[PDB]
C-alpha cells in the first residue's frame, strides 16, 4: 500500500483523477455498480474502495465514514494517489418546511460546525463547493427531473447535540447549540449533514475540486413515520445524480 489507511497503491487507480465519496461503506458498491467494470480494490476500517469505468475513464468510489476526521484521511490519501475531484453523495436531514423527504440537496457552501476544517483553514475561510462541481450536480439533478434545492448546509461533527436533538441519553444540549437549529432555519440553511464542512474547506484551500449532494431522509420540521422504501428510493436517486455529475466532470 502506498498510503497509511486506504490500503491502495497508485497503480490500483489506473490514472483515475475523480472520486465519489459516500459516507457509508455499504453505499460504495451500489455507486460503482452503476458504472462499467466495477472492481473492489480494498476494505480497511471504514474505508471501502471500488474502481469503475465511466465513459471509458477510470473512476474511484471510496467511503469516508462518518465525520470530518475520517473524511480528511480519505481525501488526503486519495489526493496522494492522484485524485483531484471529489463528489460527496450522502444522506441528510432537512430543516426547512418547503423541502420534502426524497428531495435532493446540492450544497453551495457549509456552516462549519466541525473541527477538521479548522485544521486546513481558519474559521473565516468559506467551506464553499467548487463552481464546476456544483453546476454539474445541478445539471445532473435536472437531467432526471429530481426535485432539487440549492443552498447552504449546516455540517456538524455531531449527529445529536450539534443538530440540536434532545431525544438523547442526557436529554440536554450544550449552551452553544441551544436554539441553534431555529437560528439556522431563519438564515435559510437547508439541512444538517456531517462531512461537507470538512470536505469543502480542505479541498477549496488546497486546489482540489469538490461537490456535495445528499438525499433527504427526514425533515426535522415535519413529523412523519420514516419509510424505508422511500429512503432506499431516495439514495438511489442521489446516487444516479452524483454519477451523472461525475460524467460531466471527466
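Positions refer to the first chain, counted from 1.
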Coordinates absent for residue 24 in a third or more of other entries: no
Do a third or more of the other compared PDB entries fail to give coordinates for residue 228? yes
Higher mean Cα B-factor in the deposited model: 108-116 or 171-179? 171-179
Name the higher of the two by mean Cα B-factor in the PDB entry, 201-209 versus 219-227. 219-227
In terms of CA temperature factor as recorded, identify the highest of 157, 139, 130, 76. 139
Per the entry, which of 85, 71, 92, 100 tops the list for Cα B factor? 100
Hey, what third does residue 67 fall into on Cα B-factor, ranked over its chain? lowest
Residue 195: CA temperature factor from the record, placed by chain third, in the lowest
For the chain shown, is the CA B-factor of residue 123 in the lowest, middle or highest third of its modelled residues? lowest
Taking the entry's C-alpha B-factors for this chain, is residue 150 in the lowest, middle or highest third? middle
Name the third of the chain's ranked CA B-factors that contains residue 60, choosing lowest, middle or highest. middle
